[PDB]
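We begin with a single chain expressed as structure tokens, specifically the form deposited in one PDB entry.
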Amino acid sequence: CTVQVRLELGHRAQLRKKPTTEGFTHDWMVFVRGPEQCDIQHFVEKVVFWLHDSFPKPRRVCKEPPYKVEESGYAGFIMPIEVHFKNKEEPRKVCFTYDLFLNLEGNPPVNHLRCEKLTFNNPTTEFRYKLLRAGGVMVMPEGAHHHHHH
């Protein structure tokens, strides 16, 4: 038994004309979502966005869609992102590292997107049900039989 399912990671960034009072030059938004017409809430319990230490309360949790964070800042950084599953066995979660980069003056706003495919070996029937409700496919080996004589 094998279940394959997909996730989307992305972010948008925009250069401000006039910086904020804190000197922030960009407004940005980072998100986790499913492919077109796939509600990952079926199998995702929560998403934790680990912002840089310079933000207040940088451990940002989304327990329900939209799974996203909207902020303002002056510099890009690598953002660890944890997608937690509605699963009582391991794996309980999956960890990504996302490059939240900002655009230079003269380049268009950022609209970056990533597609990630998760593969689970023999998930519990309850969890595999949730994955198949969100665009997954289940694959099960069977006994093969040849079509010709020898």
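Counting begins at 1, following the sequence as shown. Think of the rigid core as the biggest set of C-alphas that the two forms share within 1.5 Å after superposition.
Can you tell me which stretch has the higher mean Cα B-factor, 118 to 126 or 101 to 109?
-> That would be 101 to 109.
Of 82 to 90 and 43 to 51, the one with larger mean CA B-factor = Averaging CA B-factors over each stretch, the winner is 82 to 90.
In the PDB entry, which of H26, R33, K57, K63 has its C-alpha at the highest B-factor?
-> Among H26, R33, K57, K63, the highest C-alpha B-factor in the entry belongs to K57.
If you rank every modelled residue in this chain by C-alpha B factor, which third holds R16: lowest, middle or highest?
-> Bottom third by C-alpha B-factor.
Looking at the C-alpha B-factor of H147, is it in the lowest, middle or highest third of its chain?
-> According to the entry, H147 has a C-alpha B-factor in the chain's lowest third.
Sorting the chain's modelled residues by C-alpha B-factor, tell me whether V139 ends up in the lowest, middle or highest third.
-> As the PDB entry reports it, the C-alpha B-factor of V139 lands in the highest third of its chain.
One more form of this protein, deposited in another entry, exists but is not displayed; see below.
Report the residue, chosen from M29, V110, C38, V48, for which the CA moves 2 Å or more between this form and the one not shown after the rigid core is overlaid.
-> Of all the options, the C-alpha that shifts by at least 2 Å belongs to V110.
Which is it in the other form for the CA atoms of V110 and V48, closer or farther than here, knowing they shift by 3 Å or more?
-> Distance between the C-alphas of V110 and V48: longer in the other form, by 3 Å or more.
Pairwise C-alpha change, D27 versus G106, in the other form against this form - closer or farther, 3 angstroms or more | Their C-alpha distance grows by at least 3 Å in the other form.
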